[PDB]
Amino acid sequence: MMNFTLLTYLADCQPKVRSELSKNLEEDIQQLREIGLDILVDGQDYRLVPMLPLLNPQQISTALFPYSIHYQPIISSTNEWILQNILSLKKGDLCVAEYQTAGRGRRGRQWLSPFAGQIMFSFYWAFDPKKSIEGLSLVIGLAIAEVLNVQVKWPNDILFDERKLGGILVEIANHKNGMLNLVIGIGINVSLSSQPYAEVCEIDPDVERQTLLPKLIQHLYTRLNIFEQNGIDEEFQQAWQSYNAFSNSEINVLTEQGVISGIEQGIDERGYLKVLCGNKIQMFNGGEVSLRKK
């Protein structure tokens, strides 16, 4: 299916004149095209087509000092890199990529991205193991919607035009620190190409991944620090409400045991969804449970 060494030699998106990095050049290139990577040829020069201008690692570093950045055009998953490199990291160090050969959703699912058309990054984070991470996904989602001026959806979705603008994937590292060690994965659609999807280019055609990435991370980190102090406090619930695309709406709540319906009533102190069902407020925990507008 894929010659990883090719692509990797091609990942600089630069005009290479037919050096061999293989056994079936036309085959693997068409196989790379079948995966979906775009490879244009002009006579004898081959070139991998970034959907957007490649990022510049040195600029991210200086823009995000003292946090350390690992940049890598092609990767399996920026989450995997944080996991495999956890010992060398401090709170807030990041991995950034252009394309993921195995981008992870929740629960075995996949994350799709064309080459260089997303903001894809993961980072290490850590809490006191006594402190609860109830609501963490809400904090991440809100921080991004505050930067991009878009809307959130419980528990972790980023929304423009009621369309999926990106994904958030919090994973727990089995690392022995005396701390709770997270890797936090974020994908934000910028310029793409199942369900309809949103991309930042719709809203601001002059978006630049190079300066939006540090803007996202600076606010994300800030929102997180506020969360270590205040949790899902009443300021948060108000900030949430203002960005909540489903505030006080008639919704369907999809759990493993079926559908329950009602009117959304925001969130409680643990980040649980609050829903007026019949005559009581019922609460739900974000794992797997999904939300839909009636």
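Note that residue numbering begins at 1 and tracks the sequence as displayed.
According to the PDB entry, the deposited sequence runs on from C13 to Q14 with no residue lacking coordinates between them. Unmodelled residues of the deposited sequence between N177 and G178: none, the chain being continuous. According to the PDB record, 105-113 carries the higher mean C-alpha B-factor of the two stretches 212-220 and 105-113. For the two regions 51-59 and 34-42, the entry's Cα B-factors average higher over 34-42. Listed residues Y197, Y99, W154, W125 were ranked by CA B-factor as deposited; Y197 comes out on top.
Of the candidates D268, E264, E26, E228, the PDB record gives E26 the highest C-alpha temperature factor. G187: CA B factor in the lowest third of modelled residues in this chain (values from the PDB entry). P129: CA B factor lies in the highest third for its chain, per the PDB record. In the PDB entry, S247 places in the middle third of its chain by CA B-factor. For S193, the recorded CA temperature factor ranks within the highest third of the chain's modelled residues. For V147, the recorded CA temperature factor ranks within the middle third of the chain's modelled residues.
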